[PDB]
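**Student:** My questions will all concern the structure given below.
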Amino acid sequence: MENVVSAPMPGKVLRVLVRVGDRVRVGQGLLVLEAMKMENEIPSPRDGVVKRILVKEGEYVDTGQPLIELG
């Protein structure tokens, strides 16, 4: 059951913290989203493997936009 991490709010991708193929833990930061005058680390919802990274540093995203797919 692959699943997708989508943006919970609009903002700018400031940093991507993982690479395709990385093992991740639940709660691990996948990227940093600039929003509400803060940096916001967007978490993995579960243990797994990063299958796809769908955004790049510098990119603006909106709510519901797919960011990361887990395998």
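Convention: chains lettered A, B, ... in structure tokens order; per-chain residue numbering from 1; ligands numbered from 1 as shown.
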Taking only residues of stretch 32-65 of chain A that have an atom at most 9 Å from an atom of stretch 20-24 of chain A, what is each one's shortest atom pair and its distance in Å to one decimal, using only C-alpha atoms, in chain and number order, as CSV?
**Tutor:**
residue,atom,partner,partner_atom,distance
A:44,CA,A:24,CA,7.1
A:46,CA,A:24,CA,7.9
A:47,CA,A:24,CA,5.5
A:48,CA,A:24,CA,5.4
A:49,CA,A:23,CA,4.5
A:50,CA,A:21,CA,5.2
A:51,CA,A:20,CA,5.6
A:52,CA,A:20,CA,5.9
A:53,CA,A:20,CA,6.5
**Student:** Would you pick out the contacts of residue A:63 at 9 Å or less, using only C-alpha atoms, so that residues sharing its chain but fewer than 5 positions from it are not included, and give the list as a VMD selection string?
**Tutor:** chain A and resid 6 to 11
**Student:** Just the selected residues (C-alpha atoms), exported as a PDB file, in the first residue's frame, please.
**Tutor:**
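In the end it all went to selection_33.pdb:
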ATOM      1  CA  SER A   6       0.544  15.929   0.360  1.00  0.00           C
ATOM      2  CA  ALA A   7       1.022  19.537   1.402  1.00  0.00           C
ATOM      3  CA  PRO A   8      -1.061  20.322   4.490  1.00  0.00           C
ATOM      4  CA  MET A   9      -0.904  24.060   3.690  1.00  0.00           C
ATOM      5  CA  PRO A  10       0.486  26.353   0.964  1.00  0.00           C
ATOM      6  CA  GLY A  11       4.126  27.418   1.089  1.00  0.00           C
TER       7      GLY A  11
END
**Student:** Could you pull out the residues in stretch 20-53 of chain A that DSSP calls strand (DSSP E or B) from the backbone, as a count of residues only?
**Tutor:** 21
**Student:** Give me the residues near stretch 25-32 of chain A as a ChimeraX atom specification, where near means some atom within 6 Å (using only C-alpha atoms) and where sequence neighbours in that chain fewer than 6 positions away do not count.
**Tutor:** /A:13-18,40-47
**Student:** Any chance you could export the current selection's N, CA and C atoms as a PDB file, in the first residue's frame?
**Tutor:**
ATOM      1  N   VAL A  13       8.810  25.207  -0.739  1.00  0.00           N
ATOM      2  CA  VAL A  13       9.747  24.147  -0.381  1.00  0.00           C
ATOM      3  C   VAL A  13      11.128  24.748  -0.242  1.00  0.00           C
ATOM      4  N   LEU A  14      11.646  24.783   0.971  1.00  0.00           N
ATOM      5  CA  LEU A  14      12.939  25.401   1.254  1.00  0.00           C
ATOM      6  C   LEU A  14      14.060  24.367   1.229  1.00  0.00           C
ATOM      7  N   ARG A  15      13.732  23.142   1.620  1.00  0.00           N
ATOM      8  CA  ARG A  15      14.743  22.101   1.710  1.00  0.00           C
ATOM      9  C   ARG A  15      14.085  20.746   1.564  1.00  0.00           C
ATOM     10  N   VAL A  16      14.688  19.846   0.792  1.00  0.00           N
ATOM     11  CA  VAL A  16      14.230  18.459   0.747  1.00  0.00           C
ATOM     12  C   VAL A  16      15.228  17.630   1.525  1.00  0.00           C
ATOM     13  N   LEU A  17      14.740  16.861   2.497  1.00  0.00           N
ATOM     14  CA  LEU A  17      15.606  16.267   3.499  1.00  0.00           C
ATOM     15  C   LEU A  17      15.932  14.804   3.230  1.00  0.00           C
ATOM     16  N   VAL A  18      15.305  14.240   2.203  1.00  0.00           N
ATOM     17  CA  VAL A  18      15.482  12.837   1.855  1.00  0.00           C
ATOM     18  C   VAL A  18      15.813  12.677   0.379  1.00  0.00           C
ATOM     19  N   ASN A  40       8.417  24.721   8.478  1.00  0.00           N
ATOM     20  CA  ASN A  40       7.587  23.609   8.941  1.00  0.00           C
ATOM     21  C   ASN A  40       8.099  22.312   8.357  1.00  0.00           C
ATOM     22  N   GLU A  41       8.643  21.429   9.189  1.00  0.00           N
ATOM     23  CA  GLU A  41       9.085  20.134   8.682  1.00  0.00           C
ATOM     24  C   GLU A  41       7.874  19.252   8.459  1.00  0.00           C
ATOM     25  N   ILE A  42       7.723  18.771   7.228  1.00  0.00           N
ATOM     26  CA  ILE A  42       6.594  17.925   6.859  1.00  0.00           C
ATOM     27  C   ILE A  42       7.004  16.473   7.064  1.00  0.00           C
ATOM     28  N   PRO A  43       6.244  15.725   7.882  1.00  0.00           N
ATOM     29  CA  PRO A  43       6.670  14.380   8.319  1.00  0.00           C
ATOM     30  C   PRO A  43       6.268  13.227   7.414  1.00  0.00           C
ATOM     31  N   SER A  44       6.988  12.124   7.527  1.00  0.00           N
ATOM     32  CA  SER A  44       6.462  10.874   7.007  1.00  0.00           C
ATOM     33  C   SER A  44       5.339  10.361   7.916  1.00  0.00           C
ATOM     34  N   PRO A  45       4.196   9.947   7.345  1.00  0.00           N
ATOM     35  CA  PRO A  45       3.096   9.424   8.172  1.00  0.00           C
ATOM     36  C   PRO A  45       3.328   8.005   8.687  1.00  0.00           C
ATOM     37  N   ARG A  46       4.372   7.336   8.208  1.00  0.00           N
ATOM     38  CA  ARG A  46       4.662   5.966   8.621  1.00  0.00           C
ATOM     39  C   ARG A  46       6.109   5.618   8.301  1.00  0.00           C
ATOM     40  N   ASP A  47       6.597   4.524   8.881  1.00  0.00           N
ATOM     41  CA  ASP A  47       7.837   3.907   8.437  1.00  0.00           C
ATOM     42  C   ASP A  47       7.669   3.502   6.986  1.00  0.00           C
TER      43      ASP A  47
END
**Student:** For residue A:33, which of A:68, A:54, A:61, A:5 is the closest residue, counting only C-alpha atoms?
**Tutor:**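 Among A:68, A:54, A:61, A:5, it is A:61 that comes nearest to residue A:33.
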**Student:** In Å, with one decimal, what is the gap from atom CA of residue A:65 to atom CA of residue A:37?
**Tutor:** 19.9 Å
**Student:** Atom CA of residue A:35 to atom CA of residue A:64: how many Å, to one decimal?
**Tutor:**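 Straight-line distance from atom CA of residue A:35 to atom CA of residue A:64 works out to 14.5 Å.
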**Student:** Work out how far apart atom CA of residue A:58 and atom CA of residue A:36 are and give it in Å to one decimal.
**Tutor:**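 Rounded to one decimal, the two atoms are 16.4 Å apart.
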